[PDB]
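First the structure, in the form of structure tokens, and then the observations on it.
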Amino acid sequence: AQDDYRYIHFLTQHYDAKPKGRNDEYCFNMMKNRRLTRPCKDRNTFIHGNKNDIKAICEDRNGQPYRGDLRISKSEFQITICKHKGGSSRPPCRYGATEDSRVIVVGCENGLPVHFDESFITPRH
């Protein structure tokens, strides 16, 4: 097929439409399901909600240029941040979850989001 991989890969590592727990157990299962445990990833953010509005950050409908090559969202998104506990690089990879709603920063390629900026911090609520 025509490379849609980076976009699908972004969705696999960062998207979960309708989550139910958004707690520590949620992160443990999700990091395992999405294959981010070998080695344990230190931090990973899952975005929830409408997929179309995430893709829309790559265009002017829901995004603005940020730091030249990135895009910052116009609207807030419900997100769950999973942060690794302990000093081991091996499973079981335990995580602490943080629920939040904020604007996010992503990198796009061909109008599709392909990178999530985990380093971005926001004007708090």
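Chain lettering (A, B, ...) mirrors the order of the structure tokens, residue numbering begins at 1 for each chain separately, and ligand numbering begins at 1 in order of display.
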Quiz prompt | Those of range 15-94 of chain A in DSSP strand (DSSP E), formatted as a count of residues only | solution = 21
Exercise. Pick out the residues sitting within 10 Å of residue 18 in chain A, and hand them over as a ChimeraX atom specification; count only C-alpha atoms, and ignore anything fewer than 2 positions along from it in its own chain.
Key: /A:15-16,20-21,47-50
Would you export the selected residues with C-alpha atoms as a PDB file, in the first residue's frame, please?
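The result, written out as result27.pdb:
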```
ATOM      1  CA  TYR A  15      -4.879   6.871  20.535  1.00  0.00           C
ATOM      2  CA  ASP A  16      -7.667   5.279  22.575  1.00  0.00           C
ATOM      3  CA  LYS A  20     -12.973   3.484  30.997  1.00  0.00           C
ATOM      4  CA  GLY A  21     -10.501   3.572  33.883  1.00  0.00           C
ATOM      5  CA  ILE A  47      -5.274  10.864  23.514  1.00  0.00           C
ATOM      6  CA  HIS A  48      -9.009  10.193  23.766  1.00  0.00           C
ATOM      7  CA  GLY A  49     -12.007  11.422  21.849  1.00  0.00           C
ATOM      8  CA  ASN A  50     -12.542  12.216  18.202  1.00  0.00           C
TER       9      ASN A  50
END
```
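Take the candidates A:113, A:107, A:96, A:19 and check each one against residue 67 in chain A using only C-alpha atoms; the shortest distance goes to A:107.
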Quiz item: Hey, which of A:62, A:13, A:75, A:101 ends up closest to residue 121 in chain A? Count only C-alpha atoms.
Solution: A:101
Practice problem: Return the single residue from A:35, A:83, A:117, A:100 that is closest to residue 66 in chain A, with distances computed using only C-alpha atoms. | Solution: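 Under the stated criterion, the closest residue is A:117.
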Quiz prompt | Proximity to residue 44 in chain A - best of A:80, A:110, A:89, A:2, only C-alpha atoms | solution = A:80
Self-check item: For residue 32 in chain A, the nearest of the candidates A:114, A:106, A:81, A:93, counting only C-alpha atoms
Solution: A:93
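Atom pair CA of residue 108 in chain A / CA of residue 64 in chain A: separated by 11.7 Å.
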Can you tell me, as an mmCIF file with C-alpha atoms, in the first residue's frame, what residues are no more than 12 Å from residue 60 in chain A when counting only C-alpha atoms, ignoring any on the same chain fewer than 4 positions away?
```cif
data_model
loop_
_atom_site.group_PDB
_atom_site.id
_atom_site.type_symbol
_atom_site.label_atom_id
_atom_site.label_comp_id
_atom_site.auth_asym_id
_atom_site.auth_seq_id
_atom_site.Cartn_x
_atom_site.Cartn_y
_atom_site.Cartn_z
ATOM 1 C CA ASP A 53 -10.243 16.313 15.340
ATOM 2 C CA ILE A 54 -6.762 14.942 16.034
ATOM 3 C CA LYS A 55 -6.032 14.639 12.297
ATOM 4 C CA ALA A 56 -7.475 18.174 11.985
ATOM 5 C CA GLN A 64 -1.666 26.355 14.342
ATOM 6 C CA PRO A 65 2.063 26.254 13.477
ATOM 7 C CA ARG A 71 1.421 22.054 15.191
ATOM 8 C CA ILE A 72 -0.387 23.043 18.353
ATOM 9 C CA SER A 73 -4.082 22.244 18.750
ATOM 10 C CA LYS A 74 -6.738 24.918 18.996
ATOM 11 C CA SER A 75 -8.926 22.752 21.195
ATOM 12 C CA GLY A 111 -1.360 16.221 6.494
#
```
